[PDB]
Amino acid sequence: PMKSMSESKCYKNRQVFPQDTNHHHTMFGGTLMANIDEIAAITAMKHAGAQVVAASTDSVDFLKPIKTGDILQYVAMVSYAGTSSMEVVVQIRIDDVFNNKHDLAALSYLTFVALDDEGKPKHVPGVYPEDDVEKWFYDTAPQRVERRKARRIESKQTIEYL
């Protein structure tokens, strides 16, 4: 079974308010990350057709500053599907509604694991791209997914050490 990256794509438009920003008109990194986590989890469930858990936030790159009164569009897709696990890619765009352009302000990758009711890993469908943006994330996923497994084993050492 295969699902396109589009089938489980989730959208979220949100505006940046003063309670969401810092001391320099600039969005709290923590607030961006919470929203990222929220949209990615739903995208992961839709795709898996099962409850999911976050194994890890593999990265969040802050690329362009986000200020109060800015309009955000979050886009989430499954970019890699292993046995029970998926990489979700989230794009966070600054949406200019007065000259109708979009700039990529942050980029994030997350790893979710699907669970049955047992609490055990559930097989998930595979995923496939349909346009080239989807293909870009799809093609680059395998080098990211192995680095994820490598850094979780150096994370294995660290817990053992402590």
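Position 1 is the first residue in the sequence shown; the rest follow in order.
Averaged over CA atoms, B-factors in the entry run higher in 116-124 than in the other of 116-124 and 32-40. Legend: mean Cα B-factor per stretch from the PDB entry, 145-153 versus 10-18; the higher mean is in 145-153. Reading the B-factor column for the CA atoms of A54, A106, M45, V97 in the entry, the top value corresponds to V97. For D70, the recorded CA B-factor ranks within the highest third of the chain. Only modelled residues enter the ranking. In the PDB entry, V60 places in the lowest third of its chain by CA B-factor. The entry lists a Cα temperature factor for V133 that places it in the highest third of the chain's modelled residues.
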